[PDB]
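A quick write-up on the structure given underneath.
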Amino acid sequence: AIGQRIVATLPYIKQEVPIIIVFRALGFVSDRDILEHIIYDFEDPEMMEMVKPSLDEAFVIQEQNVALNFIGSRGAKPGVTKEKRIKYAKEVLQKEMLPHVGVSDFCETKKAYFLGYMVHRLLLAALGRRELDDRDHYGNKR
Amino acid sequence: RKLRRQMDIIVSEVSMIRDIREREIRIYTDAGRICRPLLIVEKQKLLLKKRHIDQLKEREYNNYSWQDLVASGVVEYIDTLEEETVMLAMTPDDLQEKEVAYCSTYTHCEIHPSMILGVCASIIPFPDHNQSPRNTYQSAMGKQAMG
Amino acid sequence: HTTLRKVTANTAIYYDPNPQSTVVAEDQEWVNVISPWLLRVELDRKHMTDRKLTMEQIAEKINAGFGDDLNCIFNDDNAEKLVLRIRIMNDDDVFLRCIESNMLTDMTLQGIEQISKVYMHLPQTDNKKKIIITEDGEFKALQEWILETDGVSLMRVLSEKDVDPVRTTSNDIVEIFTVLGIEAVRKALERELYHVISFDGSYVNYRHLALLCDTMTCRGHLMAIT
Amino acid sequence: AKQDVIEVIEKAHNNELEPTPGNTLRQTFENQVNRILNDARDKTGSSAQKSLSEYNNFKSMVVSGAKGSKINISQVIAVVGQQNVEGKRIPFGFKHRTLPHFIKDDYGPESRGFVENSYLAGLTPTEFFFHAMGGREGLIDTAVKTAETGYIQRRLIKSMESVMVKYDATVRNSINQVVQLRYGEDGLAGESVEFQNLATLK
Amino acid sequence: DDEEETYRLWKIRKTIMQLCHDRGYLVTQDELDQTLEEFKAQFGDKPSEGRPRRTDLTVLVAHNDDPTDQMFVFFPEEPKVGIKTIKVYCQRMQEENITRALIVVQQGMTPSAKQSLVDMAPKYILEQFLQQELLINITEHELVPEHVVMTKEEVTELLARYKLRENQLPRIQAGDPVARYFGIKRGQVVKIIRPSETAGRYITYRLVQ
Amino acid sequence: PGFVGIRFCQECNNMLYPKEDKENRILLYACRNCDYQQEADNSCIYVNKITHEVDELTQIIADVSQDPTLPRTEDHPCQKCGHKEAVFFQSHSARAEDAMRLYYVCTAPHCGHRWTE
Amino acid sequence: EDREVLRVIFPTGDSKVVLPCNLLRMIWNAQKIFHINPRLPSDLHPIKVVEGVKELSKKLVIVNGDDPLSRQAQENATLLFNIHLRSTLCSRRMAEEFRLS
Ligand SMILES: [Zn+2]
Ligand SMILES: [Zn+2]
């Protein structure tokens, strides 16, 4: 088929969501602007051919609020209106995902950088540029 | 490293880890990070000197304590993440001398190897002469002895 | 089992508007010679020569598998490069990449399915060695070639030329039940059960193994002990 | 043997090592390294065994078979050996090394679990930690094995607890379905038989 | 690809000849072990659109004790045979005075015709086999011991000797390849002779259910 | 062969998609969102290297010479500046199918030359 | 005829087998109870060996009965032991190895 799509299981949401929808809902209209948070060097094609099948999954949404509704439909408390799903999904993106990067009036660019770092960190292991983390490594314990 | 060895701003518990191949550089400040103290090694020589041992041997008069030894920039606290990006030596005599060269880029040394043991395993005499499932059974039966 | 992915080096698709136009510089196409979007694959010599394949066999497998919806054009086995080109005879070109993936994942160029890795060695143990009887009534352990696998089909295997259909055991009891029957399952179960006991060198009497294999098979079906 | 490890490593680094058929380069390198180390341990063990006197008290038990084995004497006197985890050597628990006292990408004997010291000579601390890591695996397997073997025991018994030899000398279950027509397909009990040799065969 | 199909049909015919000899139908030693060359010369080497096509190579045989009960086989041309392509065969059955036969299909049979084979079964006790199934005489394998079909007068003597009922025996299901090989209904017991490593030879009795 | 690179719409900054001009029979890249189109210069669209013979030397970074944990030899001097110290290490990569090749990186900073023997 | 039966029962020929009473040890006990001295010619007539083994094989019953279904099972149940017994209580083997009276 197409192969190797990227999704994002995020809390208080019943179903996984493709990451491009998450960056569109998070505040980024464009595609190059989304891609600048994930692939830090655009002259690497091997990143590009792996990142494009999840981009081609979601060229039907190009604006923020439709992606907000796409999240809020999947919500644990599914809103009945268009403007209740948006408030629920905006609450989730504001507070539920990634508290450690900031919960404030505007922390969307910083949360976007950390999420793009997570996607980049996934792509490096899927390409074998790095190695997988060990669960028993007691540096990773507290 | 210059600041943490002087305790200017960065307290000793904070860990700095530079990953080189992956360009990331992390700093951790949290609670729950397990760490142990190590000596510091410049070019091939210890930062610990005769004068430190002399000032600290006549403790209870000078009170040149462990904390003054930390403050001098002679020991560090190293946790597990920072222990991956570093090169240690077991014994400064046998491992920092001219020979068929192994590393010659050491960074730290250990104070004594017998500080890898615990409490109940630190009462076993000659434990490196036993088979290792015996040291476990003695580390269990040391909690059951009468005294 | 061998797919196209084992032998191919890389795959690149071009949109070449005329088949004679040849964006790739290959004179073999020019002497060799309707849709413009084409697929090109480079194989490698090593896996091709290890398994002894020819591009005629491969193109035959494509034309058998997909029919005459599409035509392969293959290099003769003389040049350093191992190229073949693919068109589609007359949902535009994502279909081409889709059938690329479907063609890569499974074609069975050689081999049979579910058997992924097969080994070869000469057996040292006398039971695994072939045993005959000579003219003077000796036993004369023979050291012939055997070959062990990593998957199992056992009925597509036995139904082949030059494979011994008397001696091939298959380590898998449900399959022996499907193929050889319940009385073969009792003997095979006994052998696979005695093997793990005698691997330590310990001994257990035939009484107990025989009774376990009997109670486990005395109803015509596999009575698993659960 | 330790020099023969290093020359194999040099043949591996300079791409001078051809893979064994049926194996990858990694597994054939591992096979050759473990071959040198096991042959070393065996030769040192045999030298130790040749060294012992008639009046020895380790030999007094091993020859009698009362306690110990021929590998224990070698492992007390000569060489402990290589410590293994899941059949392989000591794995790279750190980033491409084992302990922070070793250079990265060190496939040597001392860096991966081989103990060139005996129990009489004591262990170096690296070797001590590796031997603890070796003993831990068997100490785990002891505790893990019991809760499977007892369950297999009980589950085997519940299928066959009513199977007995009747006065027909046949073998039948609780509902008199016949399992064997003679017990052990000979009628004979297991505690009165022996090993013998068929003379007329071969 | 005609040498492989010729070799395949030769092994099919050879296994059917061993099938009919083991079952009891009278077949000669000439057909029992012929080489590939008698097959190739006597059917014609070209299975693709040529002389050794199906249906006019199909075997009919007769039982040894009387030449009244007769056993066809039929090798259909279709990969997946159907009801309309077996009622032809059943018409050949009712055309003759014969009772039963084999059908060696090429691919898997359709379920509706399998239910058909179930339905006229007490009239005509016929059955099928598969092509992949029949490229090996599985009786020749070393795991498979010697199976013998018991006569009813011997079954009565068996049950009288050990003083036990017909359901107390060990049993065998009708669908496994050995009982399907000999071809036997339920309520019919089978000797199994096998070598014992403890005491010589051992006979047991499986009842078809 | 080479590797295909994604190019972007100038107008709305989205991924262009390949498409065939049937009339001129020419490959063109077109945006889904806006009508902007472009002529293809490469004519290669999807390339997939399955044997995946990869050059690790593109991925190696010169800063790795600052790692204390890594070994170094003076047996192999630098190819560019002829400096003796070279820090060496293995592939350090998963799916490096069978490789114990040593990669050498030069010390003595701002050289950064990287080679394989 | 028994030798070929063993060769078909035991492919990959291994003489080691499990059987009730150790005949070699029992013969060697008989040699010490009765003071054999195997340097002298034997008193035992070799037809008595044959008709003693044939009678002993009658005495060793597993399946009782006389109908031919029981006799086949008695023959099969004692098959390997009777092969071993006829193979070690020969007339040649008693007359030239064990020298029993
Ligand atoms: Zn656009
Ligand atoms: Zn340089």
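Letters for chains follow the order of the structure tokens (A, B, ...), residue numbers begin at 1 for each chain, and ligand numbers begin at 1 in the order shown.
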
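Near chain F, the residues of chain D that fall inside 9 Å (using only C-alpha atoms) are residues 12, 13, 14, 15, 24, 25, 26, 96, 100, 101, 102, 103, 104 and 105 of chain D.
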
I need the residues in chain G that are helix (DSSP H, G or I) according to DSSP; give them as an NGL selection string. :G and (2-9 or 23-33 or 46-59 or 68-77 or 79-88 or 91-98)

Should the cut-off be 6 Å, what would the residue list for chain G against chain E look like, counting only C-alpha atoms, as an NGL selection string? :G and (9 or 76-77 or 79-80)

Any chance you can output those residues with C-alpha atoms as an mmCIF file, in the first residue's frame?
```cif
data_model
loop_
_atom_site.group_PDB
_atom_site.id
_atom_site.type_symbol
_atom_site.label_atom_id
_atom_site.label_comp_id
_atom_site.auth_asym_id
_atom_site.auth_seq_id
_atom_site.Cartn_x
_atom_site.Cartn_y
_atom_site.Cartn_z
ATOM 1 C CA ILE G 9 12.778 -54.063 14.767
ATOM 2 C CA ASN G 76 4.250 -60.897 20.248
ATOM 3 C CA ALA G 77 4.409 -60.081 23.967
ATOM 4 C CA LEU G 79 8.954 -61.941 21.175
ATOM 5 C CA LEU G 80 12.065 -59.945 22.063
#
```

Taking only C-alpha atoms into account and nothing else, which residues of chain G lie no more than 12 Å away from chain C? Please answer as a ChimeraX atom specification. /G:3-4,7-8,10-14,17-19

Listing only residues of chain F within 7 Å of chain A, what is the closest atom pair and its distance in Å (to one decimal) for each, using only C-alpha atoms, sorted by chain and residue number ascending, as JSON lines?
```
{"residue": "F:3", "atom": "CA", "partner": "A:45", "partner_atom": "CA", "distance": 6.2}
{"residue": "F:4", "atom": "CA", "partner": "A:45", "partner_atom": "CA", "distance": 6.5}
{"residue": "F:5", "atom": "CA", "partner": "A:45", "partner_atom": "CA", "distance": 5.4}
{"residue": "F:6", "atom": "CA", "partner": "A:48", "partner_atom": "CA", "distance": 6.7}
{"residue": "F:13", "atom": "CA", "partner": "A:32", "partner_atom": "CA", "distance": 5.7}
{"residue": "F:14", "atom": "CA", "partner": "A:31", "partner_atom": "CA", "distance": 5.0}
{"residue": "F:93", "atom": "CA", "partner": "A:128", "partner_atom": "CA", "distance": 5.9}
{"residue": "F:94", "atom": "CA", "partner": "A:128", "partner_atom": "CA", "distance": 5.0}
{"residue": "F:95", "atom": "CA", "partner": "A:128", "partner_atom": "CA", "distance": 6.4}
```

Exercise answer, 12 Å around ligand 1 with only C-alpha atoms and all ligand atoms, as JSON, numbers by chain: {"A": [30, 31, 32, 59, 62], "F": [7, 8, 9, 10, 11, 12, 13, 14, 15, 16, 17, 29, 30, 31, 32, 33, 34, 35, 36, 37, 38]}

Write out, as a PDB file, in the first residue's frame, the residues just selected, with C-alpha atoms.
```pdb
ATOM      1  CA  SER A  30       1.418  25.222   6.603  1.00  0.00           C
ATOM      2  CA  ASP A  31       3.377  22.068   5.783  1.00  0.00           C
ATOM      3  CA  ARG A  32       6.927  23.391   5.470  1.00  0.00           C
ATOM      4  CA  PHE A  59      -3.989  16.546   3.069  1.00  0.00           C
ATOM      5  CA  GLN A  62      -5.581  22.392   6.036  1.00  0.00           C
TER       6      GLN A  62
ATOM      7  CA  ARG F   7      10.057  20.138  -3.077  1.00  0.00           C
ATOM      8  CA  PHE F   8       7.460  22.581  -1.837  1.00  0.00           C
ATOM      9  CA  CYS F   9       4.789  24.839  -3.242  1.00  0.00           C
ATOM     10  CA  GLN F  10       6.055  28.395  -3.430  1.00  0.00           C
ATOM     11  CA  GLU F  11       2.600  29.855  -2.846  1.00  0.00           C
ATOM     12  CA  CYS F  12       1.055  27.973   0.072  1.00  0.00           C
ATOM     13  CA  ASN F  13       4.071  25.885   1.248  1.00  0.00           C
ATOM     14  CA  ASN F  14       2.694  22.381   0.853  1.00  0.00           C
ATOM     15  CA  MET F  15       3.979  19.138  -0.613  1.00  0.00           C
ATOM     16  CA  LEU F  16       3.814  19.105  -4.392  1.00  0.00           C
ATOM     17  CA  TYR F  17       2.530  15.932  -6.004  1.00  0.00           C
ATOM     18  CA  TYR F  29       4.477  18.835  -9.853  1.00  0.00           C
ATOM     19  CA  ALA F  30       1.204  20.361  -8.698  1.00  0.00           C
ATOM     20  CA  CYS F  31      -0.163  21.438  -5.348  1.00  0.00           C
ATOM     21  CA  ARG F  32      -3.396  19.925  -4.102  1.00  0.00           C
ATOM     22  CA  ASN F  33      -4.398  23.176  -2.406  1.00  0.00           C
ATOM     23  CA  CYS F  34      -3.539  25.803  -5.017  1.00  0.00           C
ATOM     24  CA  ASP F  35      -3.180  25.710  -8.786  1.00  0.00           C
ATOM     25  CA  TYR F  36       0.596  26.323  -8.807  1.00  0.00           C
ATOM     26  CA  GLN F  37       2.505  23.884 -11.009  1.00  0.00           C
ATOM     27  CA  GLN F  38       6.132  23.274 -11.899  1.00  0.00           C
TER      28      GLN F  38
END
```

Residue hits in chain D, query chain B, radius 12 Å, only C-alpha atoms, as a PyMOL selection string: chain D and resi 72+75-77+80+83+92-104+106+115+117-140+142

Using only C-alpha atoms, the best pick from F:28, F:47, F:40, F:61 as closest to chain C would be F:47

Site check for ligand 2: residues at most 8 Å away, only C-alpha atoms and all ligand atoms, as number ranges by chain: F: 77-84, 86, 106-108, 111-113

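Comparing D:197, D:162, D:84, D:47 by their smallest distance to residue D:176, the closest is D:162 (using only C-alpha atoms).
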
Name the residues in contact with residue C:65 at a cut-off of 12 Å, using only C-alpha atoms, excluding same-chain residues fewer than 6 positions from it; report them as a ChimeraX atom specification. /C:58-59,71,99,102-103,106-109

Residues of chain A within 10 Å of chain C, using only C-alpha atoms, as an mmCIF file with N, CA, C and O atoms, in the first residue's frame?
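Produced file selection-v6.cif, reproduced below:
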```
data_model
loop_
_atom_site.group_PDB
_atom_site.id
_atom_site.type_symbol
_atom_site.label_atom_id
_atom_site.label_comp_id
_atom_site.auth_asym_id
_atom_site.auth_seq_id
_atom_site.Cartn_x
_atom_site.Cartn_y
_atom_site.Cartn_z
ATOM 1 N N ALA A 1 0.829 -1.198 0.000
ATOM 2 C CA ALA A 1 0.000 0.000 0.000
ATOM 3 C C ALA A 1 0.869 1.255 0.000
ATOM 4 O O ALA A 1 1.537 1.558 -0.987
ATOM 5 N N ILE A 2 0.861 1.982 1.116
ATOM 6 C CA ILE A 2 1.646 3.198 1.278
ATOM 7 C C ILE A 2 2.734 3.013 2.329
ATOM 8 O O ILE A 2 3.908 3.311 2.086
ATOM 9 N N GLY A 3 2.360 2.515 3.504
ATOM 10 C CA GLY A 3 3.323 2.032 4.473
ATOM 11 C C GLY A 3 3.883 3.066 5.425
ATOM 12 O O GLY A 3 4.178 4.194 5.021
#
```

Near chain B, meaning an atom within 9 Å, which residues of chain A appear when counting only C-alpha atoms? Write them as a ChimeraX atom specification. /A:130,137-142

Expected answer as number ranges by chain: strand (DSSP E or B) residues in stretch 28-192 of chain E: E: 60-63, 70-72, 100-105, 127-130, 146-149, 171-172, 189-192

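Shell of stretch 143-149 of chain E at 7 Å, with only C-alpha atoms counted and residues fewer than 3 places along the chain excluded, is residues 180, 183, 184, 187 and 188 of chain C; 139, 189, 190, 191, 192, 193 and 194 of chain E.
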
Same residues, C-alpha atoms, output as a tab-separated table (two decimals), in the first residue's frame:
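Output contents, as saved in out01.tsv:
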```tsv
chain	number	residue	atom	x	y	z
C	180	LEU	CA	0.39	-38.69	8.51
C	183	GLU	CA	-0.52	-43.58	14.83
C	184	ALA	CA	2.28	-41.56	13.29
C	187	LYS	CA	5.51	-42.40	17.38
C	188	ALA	CA	6.57	-38.83	16.57
E	139	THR	CA	1.87	-45.66	4.15
E	189	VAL	CA	-11.97	-51.64	13.50
E	190	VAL	CA	-8.39	-51.57	12.21
E	191	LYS	CA	-5.40	-53.62	13.26
E	192	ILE	CA	-2.21	-51.65	13.76
E	193	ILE	CA	0.96	-53.72	13.79
E	194	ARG	CA	4.02	-51.85	14.97
```

Got a sec: who's within 10 Å of stretch 119-125 of chain C, counting only C-alpha atoms, leaving out chain neighbours fewer than 4 positions off, as a PyMOL selection string? (chain C and resi 129-130+141-150) or (chain D and resi 21-22)

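Taking atom CA of residue C:222 as the reference point, atom CA of residue C:112 is found at 27.4 Å.
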
Distance limit 7 Å, atoms considered: only C-alpha atoms. Which chain C residues sit that close to chain D? Return them as an NGL selection string. :C and (119 or 138 or 207 or 210 or 214-215 or 218 or 225-226)

Would you list the contacts of residue D:114 as a list in words, taking every protein, DNA or RNA residue within 7 Å and counting only C-alpha atoms, but skipping same-chain residues closer than 2 positions in sequence? residues 81, 82, 83, 109, 110, 112 and 116 of chain D

Find the spatial neighbours of residue C:151, counting only C-alpha atoms, within a cut-off of 12 Å - ignore same-chain residues fewer than 3 positions away - and output them as a ChimeraX atom specification. /C:1,111-119,148,154,157,170-172,175
